[PDB]
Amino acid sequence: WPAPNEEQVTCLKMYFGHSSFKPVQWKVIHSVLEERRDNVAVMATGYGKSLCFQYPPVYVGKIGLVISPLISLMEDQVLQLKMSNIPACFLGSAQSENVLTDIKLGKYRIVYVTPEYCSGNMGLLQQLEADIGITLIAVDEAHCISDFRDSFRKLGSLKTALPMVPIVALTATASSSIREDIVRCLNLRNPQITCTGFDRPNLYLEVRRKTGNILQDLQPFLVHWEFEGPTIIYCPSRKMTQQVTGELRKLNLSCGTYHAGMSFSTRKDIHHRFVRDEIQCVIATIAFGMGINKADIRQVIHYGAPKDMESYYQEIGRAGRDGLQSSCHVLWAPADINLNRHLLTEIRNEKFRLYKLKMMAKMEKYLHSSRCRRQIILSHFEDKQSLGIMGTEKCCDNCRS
């Protein structure tokens, strides 16, 4: 593996603020720049997935095409890139002809599009490749889920229209059948397969039981009444989020409810007030998670047994992005496990339904285990990826008993 040169490190430092690449970020970045190779990367939350697709076009001063149906989330990335002096924009049918002209003139490093826009605009992408050059196409499977196979099927012609352009496909699951469905839908040619599973040593892990009274359960975390710091309380349902918000509001707590059933403006308001610390706690479903852009989330409380080990690992990685000590508590009851099995029936892919079932069995072992919670989670990664935090009072509840 060739090491990054000084021109590469200077670019990384001035446009991204990082003094070095992480091993898999460089494996992906270098593979795109030098080999023009397709990539499938299993991304652990908090690792650094955005650098993998944003850095290569910024370095060579060309275009990176980013494909996702989540337009408002993509427009937040545009504003963040703007603050780093990286010209970026979202391109669609509502988006002006002056922006399209500037895209064709090579004025933007990163262009965000939806899979549907991409489907009827292969001629434009061939012109952009011919006139400026497309360093890479990026698509995250975790963004196309509401079934990524129908969004990714609209992207099957990308490889025939642009055979020289590498596709970097990201995934939030280590499922081998999902990786092979991504390789088929996108028609990837010998992609580099990477996994970024890592320990988050600044997150303390705990599993605890629900007493049968919301205020009784959430009282220990309260120190007027207030939480220790910015908190997210995850609930299995929209109704559960309103019930918890109601109980917390009896103690005049700075609260905001968040679920996918809420309107765009209402959700955007709760999200922004959380970032500005106008609310201290978000009682949410897992709809609140992607691009929170809040570094100081101190506490994640899963109010209900997590659906499975993989998704729980991904959800807690949203806490403590600043590197300071954070806590992740599970408050569960046996009845939740019966209700969690009902969500496996709504998984259409049979090969993934069997993978999620294994992940659910691992979550059940975790909830009933007396062994180090961190050791159970790390038992899915390379023996390199921790004896430091492990065994100490900051590791997990089981290490303290």
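In this text, residue numbers run from 1 along the sequence as written.
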| query | finding |
| --- | --- |
| Chain break class at residue 385/residue 386 - deposited residues not modelled | 4 to 9 |
| Interval residue 223-residue 224, deposited residues with no coordinates in the entry (none, 1 to 3, 4 to 9, 10 or more) | 4 to 9 |
| Stretch with the greater mean C-alpha B-factor as recorded in the entry, comparing 335 to 343 against 26 to 34 | 335 to 343 |
| Stretch with the greater mean C-alpha B-factor as recorded in the entry, comparing 259 to 267 against 181 to 189 | 181 to 189 |
| Criterion, highest CA B-factor; candidates, 253, 138, 286, 205 | 253 |
| Residue with highest C-alpha B-factor in the PDB entry, from 362, 368, 373, 351 | 351 |
| Residue 149, C-alpha B-factor rank within chain (lowest, middle or highest third) | highest |
| Within-chain third of residue 301 by Cα B-factor, per the entry | lowest |
| B-factor third for the C-alpha atom of residue 94 within its chain | highest |
| Position of residue 273 among the chain's modelled residues by C-alpha B-factor, lowest, middle or highest third | lowest |
| Cα B factor band for residue 214 (lowest, middle or highest third within the chain) | highest |
